[PDB]
Enquirer: 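Please read through the structure below; I'll follow up with questions.
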Amino acid sequence: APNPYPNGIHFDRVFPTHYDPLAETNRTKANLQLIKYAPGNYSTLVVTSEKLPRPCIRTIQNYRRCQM
Amino acid sequence: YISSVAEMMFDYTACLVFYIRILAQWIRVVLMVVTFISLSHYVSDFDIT
């Protein structure tokens with residue numbers, strides 16, 4: 001799997017490690033007492049939307065149809 | 001030498017050497033501390049997942 005894209009977000013456990021994702025080529029593995037990395041090793045930023053309930057959609061369609 | 005000023009310099013070295021024989025041994029204590037810290041650093045950062 002490719003090296004995850006550099007992400008400076010991390011969470012310390014014992015001491016501040018000052019993690020720099022650009023200081024090493026391959027990201028070192030996360031030890032339990034040292035660091036926890038940000039979620040989504042392989043993730044991008046998108047925009048999403050919830051789907052309105054089906055009965056709420058049927059009333060919107062009925063209003064538009066009755067309107068036109 | 002008959003020169004007290006000439007011997008004064010050699011006596012200043014003998015007294016300095018007299019203290020260096022003792023003070024320079026604290027580098028051994030520095031070596032013991034540094035070697036002990038490097039082991040603690042390896043164990044504290046050892047892998048556990």
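Just the heavy atoms: all of them, side chains too, but no hydrogens, waters or symmetry mates, feed the values below. Numbered from 1 within each chain, the chains take letters A, B, ... in sequence-line order.
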Enquirer: Starting from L31(B) and following side-chain heavy-atom contacts under 4.5 Å between hydrophobic residues (I, L, V, M, F, W, Y), which residues can be reached?
Expert: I27(B)

Enquirer: Which ILVMFWY residues can you reach from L39(B) by hopping between side chains whose heavy atoms are under 4.5 Å apart?
Expert: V43(B)

Enquirer: Which residues pass the side chain to side chain contact (heavy atoms under 4.5 Å, CB included) test with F15(A), sequence neighbours left out?
Expert: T17(A), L34(A), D45(B)

Enquirer: Please check if the side chain of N31(A) supplies one atom and the backbone of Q33(A) the other of a donor-acceptor pair under 3.5 Å.
Expert: no

Enquirer: Counting only heavy atoms not in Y5(A), do more than 12 fall under 6.0 Å of its OH?
Expert: no

Enquirer: Name all residues meeting the side chain to side chain contact (heavy atoms under 4.5 Å, CB included) criterion together with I2(B); count only those two or more places apart in sequence or in a different chain, and write none if there are none.
Expert: none

Enquirer: For the CG atom on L52(A), are there more than 12 heavy atoms of other groups (residues, nucleotides or ligands in this structure) within a distance under 6.0 Å?
Expert: yes

Enquirer: Any donor and acceptor pair, going by atom type alone, linking the side chain of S38(B) with main-chain N or O of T35(B) inside 3.5 Å?
Expert: yes

Enquirer: Check side chain to side chain contact (heavy atoms under 4.5 Å, CB included) between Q61(A) and all other residues, then give those that pass, not counting sequence neighbours.
Expert: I57(A), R58(A)

Enquirer: Testing the basics here: between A30(A) and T49(B), what is the closest heavy-atom pair and its distance to 0.1 Å?
Expert: O-CG2, 3.6 Å

Enquirer: Excluding sequence neighbours, so at least two apart, what forms side chain to side chain donor-acceptor pair (under 3.5 Å) with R27(A)?
Expert: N41(A)

Enquirer: Could you tell me which residues satisfy side chain to side chain contact (heavy atoms under 4.5 Å, CB included) with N26(A), sequence neighbours excluded, listed by chain and number?
Expert: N3(A)

Enquirer: Report, as yes or no, whether the 6.0 Å neighbourhood of atom CD on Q67(A) holds more than 12 heavy atoms from other residues, nucleotides or ligands.
Expert: yes

Enquirer: Any ring pair (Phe, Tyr, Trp, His ring centres under 6.0 Å) involving residues 32-68 of chain A? Give me the pairs, sequence neighbours left out, ordered by first then second residue.
Expert: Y19(A)-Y37(A)

Enquirer: Other members of the hydrophobic cluster containing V47(A), with the 4.5 Å side-chain heavy-atom rule, please.
Expert: none

Enquirer: Which pairs, with at least one residue in residues 25-49 of chain B and sequence neighbours excluded, count as a ring pair (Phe, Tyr, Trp, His ring centres under 6.0 Å)?
Expert: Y42(B)-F46(B)

Enquirer: Might you confirm whether atom CG of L23(B) has over 12 heavy atoms from other residues, nucleotides or ligands at distances under 6.0 Å?
Expert: yes

Enquirer: Show the nearest heavy-atom pair for residues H10(A) and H18(A), with the distance to one decimal.
Expert: NE2-N, 4.4 Å

Enquirer: Give the other cluster members for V30(B), using side-chain heavy-atom distances under 4.5 Å between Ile, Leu, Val, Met, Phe, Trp and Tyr residues; answer none if it is isolated.
Expert: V34(B)

Enquirer: Output every pair passing side chain to side chain donor-acceptor pair (under 3.5 Å) with a member in residues 3-25 of chain B, not counting sequence neighbours, ordered by first then second residue.
Expert: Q25(B)-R28(B)

